[PDB]
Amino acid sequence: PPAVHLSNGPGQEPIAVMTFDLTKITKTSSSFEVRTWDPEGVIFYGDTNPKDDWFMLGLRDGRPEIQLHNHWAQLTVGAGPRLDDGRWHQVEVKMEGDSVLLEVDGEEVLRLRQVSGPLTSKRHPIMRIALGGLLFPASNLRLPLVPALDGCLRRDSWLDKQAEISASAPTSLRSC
């Protein structure tokens, strides 16, 4: 299975950005496998607005961390086991009603409840997903961390491929 490096060069920007049309979404889940020895960094970021409607899944002290900022909630939460042990880990993020669920290696490790309304029914119908980086300065995070994540990603599926509008990459993706 083809795998890509989650950091390019200095690791100051995402390795890829995908844009989706929220009105065409019929699937909200995203899943992938990640391998790394890096204890801190951004796995993926998402927003419909970089100022007040954004989300970030990363690692801090080797463990998953989600920072989220929208009309309903603003939080910085760590959960789950360390993933920086150099082993492949299955990760899944999805919506379940008004909640965001995080599953690691088959187990639910975190459920952020009351954080969102239906996606398709959101104001701005365009969602951006960035891999290995944010779409705003790391210093503007609720809790800053250094975004560079020295790791590999494979078997990824992002939201609903049928709603994907476009995909870009500042620089060509590197294979692991």
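One-based numbering along the sequence shown. Note that the rigid core is defined as the largest set of C-alphas that superpose within 1.5 Å between two forms.
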Comparing 149 to 157 to 9 to 17 by root mean square Cα deviation from the shown form in 6 other deposited structures of this protein, core aligned, the larger deviation is found at 9 to 17
Between 40 to 48 and 110 to 118, which one shows the bigger average Cα displacement from this form in 6 other deposited structures of this protein once the rigid core is aligned?
110 to 118
In a third or more of the other entries compared, is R35 missing its coordinates?
no
Given the other compared entries that model the residues flanking it, would you say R123 is unmodelled in at least one third?
yes
Going by the B-factors listed in the PDB entry, is the mean over the C-alpha atoms higher for 47 to 55 or for 116 to 124?
116 to 124
Taking the mean of the C-alpha B-factors per stretch from the entry, tell me the winner out of 25 to 33 and 128 to 136.
25 to 33
Sort the modelled residues of this chain by their C-alpha B factor and say whether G106 lands in the lowest, middle or highest third.
middle
